[PDB]
**Student:** 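Mind looking over this structure? Questions follow.
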Amino acid sequence: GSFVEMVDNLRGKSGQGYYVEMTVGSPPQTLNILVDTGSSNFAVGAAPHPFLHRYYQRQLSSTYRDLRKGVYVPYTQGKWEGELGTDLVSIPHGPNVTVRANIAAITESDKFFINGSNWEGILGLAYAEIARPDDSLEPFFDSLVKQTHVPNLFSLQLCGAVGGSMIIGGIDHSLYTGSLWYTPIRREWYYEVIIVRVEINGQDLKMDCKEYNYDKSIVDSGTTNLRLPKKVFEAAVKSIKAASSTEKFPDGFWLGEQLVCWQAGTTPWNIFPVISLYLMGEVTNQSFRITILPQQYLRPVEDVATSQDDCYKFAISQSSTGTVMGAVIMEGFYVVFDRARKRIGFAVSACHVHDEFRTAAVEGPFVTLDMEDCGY
Ligand SMILES: COc1c(C)cc([C@@]2(c3cccc(-c4cncnc4)c3)N=C(C)C(N)=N2)cc1C
């Protein structure tokens, strides 16, 4: 269960998350589980569903323990419900350990599972504060750290086209180039961070930095898009439209309602600007930036029927729940969730995005003297 054996342990489909293989129960039942830094439950499909290839069968596990507690999770566009219990859990291409963990056996759901995603459950990697029904339900990673000698850290190397790596208990130096820059975890609930500055093709958006973090900024592998608060989304779209003015796209493209297509191999990457997110550093008024190319924010939509063309969805969207640095932001970066030191490291990954003109980057330090607190 070394780091080499953990390399390439993730798979996925574009816009459908990254998943890792796990086993639940005795004898082990193999399931594909979404790696989610934006939630804190280990929630697995435990009843038949038209989108599930397989599911957790509690009756077949001798080690299953029922907690006699239901869990009901409604949200805007859907819901999931289930029963809480505990069982033996392993990650075959992860640490060489078996732990007893809480499991939310999903019995009913609406618009939760995805057709052809190839995953059957979600591994919520965030803190107990956001666990459902409440903070007393110990998340998986907490159980793993308590029961084993595994260091309190994990890292994610999400690669586009999908695949990548989840390294538990350490940093795999073969997965990144250059320096690892750290941003403090503001509060241990979601992986909450602070954005101090936003530039679009080197041009500062010129907003009070609190606007970037209205009402929180999080690092979420379970969200596809870069999600931005209304004011920031509007200014970003205006700036991207201006840089890409040689071509006009429908309003629906800017809203995520429609694809933009070009003849295969002709995508005009150069008309689209680079987006720079400046993250709060580990020392006062110091920051570093992560640079996002259009190869990350224009997500390819694979469709045999549109295959004479290369088609893309605009992977930046409006949020009313704060900034979300989703999968398109994480892609090409090696992201260290250093729980032990309450910080998140970013470095250029071995699968980073680039063309012959520009590259995705992690650069610093940047100083500011006229800075307030950028948090809410
Ligand atoms: C606590 O209950 C939840 C909720 C409310 C949301 C998510 C989910 C979620 C749920 C179902 C599918 C996905 C999903 C879909 N497409 C791509 N990646 C992930 C995400 N939604 C977000 C924003 C997230 N980070 N995880 C997971 C769980 C377990």
Side-chain angles (χ1 to χ4, degrees), residues 10-20 22 31-46 49 51-52 56 69-84 101-141 156 158-164 166 189-193 216-228 256 299-302 313 315 317-331 335 337:
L10 305 183
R11 286 193 73 205
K13 192 177 168 189
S14 146
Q16 298 184 343
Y18 291 78
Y19 61 83
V20 71
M22 298 179 81
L31 299 169
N32 284 328
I33 305 299
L34 182 93
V35 174
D36 189 4
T37 65
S39 70
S40 313
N41 287 82
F42 183 33
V44 314
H49 188 275
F51 302 159
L52 294 177
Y56 177 38
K69 178 78 83 64
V71 55
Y72 179 67
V73 189
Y75 54 85
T76 292
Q77 248 77 68
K79 63 184 191 296
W80 69 271
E81 61 191 306
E83 303 173 311
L84 303 180
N102 286 316
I103 299 167
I106 302 165
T107 57
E108 275 173 49
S109 62
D110 271 78
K111 303 172 204 176
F112 176 86
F113 296 114
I114 314 158
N115 200 1
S117 66
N118 203 45
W119 52 259
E120 296 87 54
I122 299 184
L123 174 58
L125 293 168
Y127 306 94
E129 282 78 355
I130 63 162
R132 308 296 202 91
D134 55 63
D135 51 39
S136 64
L137 192 81
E138 186 169 280
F140 173 81
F141 206 84
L156 295 171
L158 306 184
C159 303
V162 306
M166 170 171 67
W189 58 322
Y190 288 93
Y191 283 100
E192 185 189 351
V193 302
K216 61 177 182 291
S217 288
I218 72 167
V219 180
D220 183 10
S221 67
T223 286
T224 299
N225 289 355
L226 166 59
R227 301 190 72 237
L228 298 169
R299 184 178 66 80
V301 167
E302 312 285 303
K313 197 191 212 67
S317 57
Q318 182 171 318
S319 176
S320 61
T321 56
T323 294
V324 188
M325 286 161 67
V328 298
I329 301 304
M330 294 186 64
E331 270 169 41
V335 187
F337 292 81

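Computation of the quantities below employed the complete heavy-atom set of this structure, encompassing side-chain atoms and omitting hydrogens, waters and symmetry-equivalent molecules. Whatever order the structure lists ligands and atoms in, that order sets their numbers, starting from 1. Each residue takes its place number in the sequence, starting with 1.
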**Student:** Check for a donor-acceptor pair, side chain of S221 on one end and backbone N or O of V35 on the other, with a separation under 3.5 Å.
**Tutor:**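 Such a contact is found between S221 side chain and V35 backbone.
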**Student:** I'd like to check whether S39 has a polar contact with ligand 1, where a contact means an N/O of the residue lying under 3.5 Å from an N/O of the ligand.
**Tutor:**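 No: no nitrogen or oxygen of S39 is under 3.5 Å from one in ligand 1.
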**Student:** Using distance alone, decide if ligand 1 has a nitrogen or oxygen within less than 3.5 Å of any nitrogen or oxygen in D36.
**Tutor:**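 Looking only at distances, the answer is yes, because the N/O contact criterion of under 3.5 Å is met.
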**Student:** Side chain or backbone of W119 under 4.0 Å from ligand 1, or both, or neither, by non-hydrogen atoms?
**Tutor:**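 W119 to ligand 1: side-chain contact only, backbone stays beyond 4.0 Å.
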**Student:** Is the shortest heavy-atom distance from the side chain of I106 to the side chain of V44 under 4.5 Å?
**Tutor:**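 Not touching, per the 4.5 Å side-chain cut-off.
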**Student:** Which atoms from ligand 1 have a heavy atom of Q16 less than 4.0 Å away?
**Tutor:**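 So the answer, numbered in order with elements, is 17 (C).
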**Student:** With atom 15 (C) of ligand 1 as the reference point, say which of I114, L125, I218, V73 has the nearest heavy atom.
**Tutor:**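 Shortest heavy-atom distance from atom 15 (C) of ligand 1: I114.
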**Student:** Within the 3.5 Å criterion, strictly below it, is a donor on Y72 or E108 matched to an acceptor on the partner's side chain?
**Tutor:**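 No - no donor-acceptor pair under 3.5 Å links their side chains.
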**Student:** Tell me: protein heavy atom nearest atom 23 (C) of ligand 1, and distance?
**Tutor:**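 Heavy-atom neighbour on the protein nearest atom 23 (C) of ligand 1: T223 OG1, 3.4 Å.
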**Student:** Between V162 and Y18, is there a side-chain heavy-atom distance shorter than 4.5 Å?
**Tutor:**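 Yes - at least one pair of side-chain heavy atoms lies under 4.5 Å apart.
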**Student:** Side chains of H49 and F112, heavy atoms from C-beta outward: is any pair under 4.5 Å?
**Tutor:**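 Of all side-chain heavy-atom pairs linking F112 with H49, none is under 4.5 Å.
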**Student:** How far is atom 22 (C) of ligand 1 from the closest protein heavy atom, and which atom is that?
**Tutor:**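 Sorting protein heavy atoms by distance from atom 22 (C) of ligand 1 puts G222 O, 3.8 Å first.
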**Student:** Go through the side-chain N and O atoms of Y19 and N118 and say whether any donor and acceptor fall under 3.5 Å apart.
**Tutor:**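 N118 and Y19 do have a side-chain donor-acceptor pair below 3.5 Å.
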**Student:** Would you check whether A104 reaches within less than 4.0 Å of ligand 1, judged by its heavy atoms?
**Tutor:**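 False for this residue.
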**Student:** Which ligand 1 atoms, with their elements, are less than 4.0 angstrom from a heavy-atom of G17?
**Tutor:**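 Every atom of ligand 1 under 4.0 Å from some heavy atom of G17: 17 (C), 18 (N).
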**Student:** Compute whether any side-chain donor of one residue and acceptor of the other, for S14 and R299, lie under 3.5 angstrom apart.
**Tutor:**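 Distance-only check passes for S14 and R299.
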**Student:** Only heavy atoms count here, so choose which of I122, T321, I130, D220 is nearest to atom 9 (C) of ligand 1.
**Tutor:**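 Closest candidate by heavy-atom distance is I122.
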**Student:** With atoms numbered from 1 as shown, which atoms in ligand 1 lie under 4.0 angstrom from a non-hydrogen atom of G15?
**Tutor:**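 Going through ligand 1 atom by atom, the ones under 4.0 Å from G15 are 16 (N), 17 (C).
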**Student:** Regarding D134 and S136, is there a side-chain donor-to-acceptor distance under 3.5 Å anywhere?
**Tutor:**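 Indeed, the side chains of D134 and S136 share at least one donor-acceptor pair under 3.5 Å.
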**Student:** Which residue from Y75, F42, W80 reaches closest to atom 28 (C) of ligand 1 through any of its heavy atoms?
**Tutor:**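 Nearest option to atom 28 (C) of ligand 1, by heavy atoms: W80.
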